[PDB]
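What follows is one chain in structure tokens, specifically the form deposited in one PDB entry.
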């Protein structure tokens, strides 16, 4: 029995009360049989009719706890995100300890038990409705995931502290454990973990492991099979985003600029075909090696889409990503790169825990010019030069219509000003 956390209703609020609607004879019979199974297993309790509180209840039974969720202390939000496959350092062994009814296992304190009520009607109108309460952690309650996560963190403390080498990632219910130990020793450790979590009250799958659009392989992380499909444009942009992590050079600009349902534009077919051509090839990404250093790259797959590639050893990519310069206002190419650079450093600090050494097309003189003439103070941590086909700079070199006469003397849709600039340069 995990130590029960104190849960307090929101001050100035009272327990929820909702009416119940009857259902079909087969449905209610199945539901009451399910409840009988729970009671014989002691899973739920039968609250008295004296309790004023109520909550709607609808073989899967769904409880709309939104009324109870209206009155509950805010709980700490579970850390939102996906452990990026690149951040996983290579472990000689891997496991999955999929736990069943993990949310169900957590108990609930006495005060908040009464505020959860369930009214399942009775056939022949013997009772207006059978009244129940959850003695376990309810589904969909605001605090169900956070309380469970904190309880798990407390529950695994004896095992993780003793062993520093073993690394255990926790996500939702499941537990992901990596060991550098041999298969024999690891069998002992996995048995200890299983018996320990069973001691506190809480058929294995086989490699390879695929999850959350992230196919995982010992020396390589590759996305799930990506196939290109208003909602169609939504799906098309969404698929390219998840494919942009490992398939370098994915272009999404034309769709974002594009968005009765209009069809794909004339150039949309060709751009989607280019994306499909890049998608055809199988690409993958290596898990980062702690001993060596992270290196970053920057290149232009297309204007408005600065693509960057974090690589540990050349020609092998740890990850690839896109920065959308076209989204938002058009700026100086060096400024576009600065925006991209900040994007890269945020990703680098969250995923790997360190800043990378950036190899960028912008020349050292050009970056120095950007520093000299700009109003913001944005800075790039590490500057290295790499030759790439697209190399960009600034044009000016640092309603007054006579400016056009001066030029004669020597939106992304408009380029007549660019012709004027070509005459200027």
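Residue numbers count along the first chain shown, from 1. In this text, rigid core is short for the largest set of C-alphas that superpose within 1.5 Å between two forms.
The segment from residue 398 to residue 399 is interrupted, since 10 or more residues of the deposited sequence in that interval carry no coordinates.
A chain break between residue 229 and residue 230 is present, corresponding to 4 to 9 residues of the deposited sequence without coordinates.
Quick note: we don't show the form deposited in another entry, though the next part is all about it.
The only C-alpha among 146, 270, 283, 190 that moves by 2 Å or more between this form and the one not shown, given a superposition on the rigid core, is that of 270. Residue 129 shows a C-alpha shift of 2 Å or greater between this form and the one not shown [criterion: core-superposed Cα displacement of 2 Å]. Once the rigid core is used as the reference frame, the Cα position of residue 328 differs between this form and the one not shown by 2 Å or more. When two forms of a protein are overlaid on their rigid core, residues whose CA moves 2 Å or more are considered shifted, and residue 13 is not one of them between this form and the one not shown.
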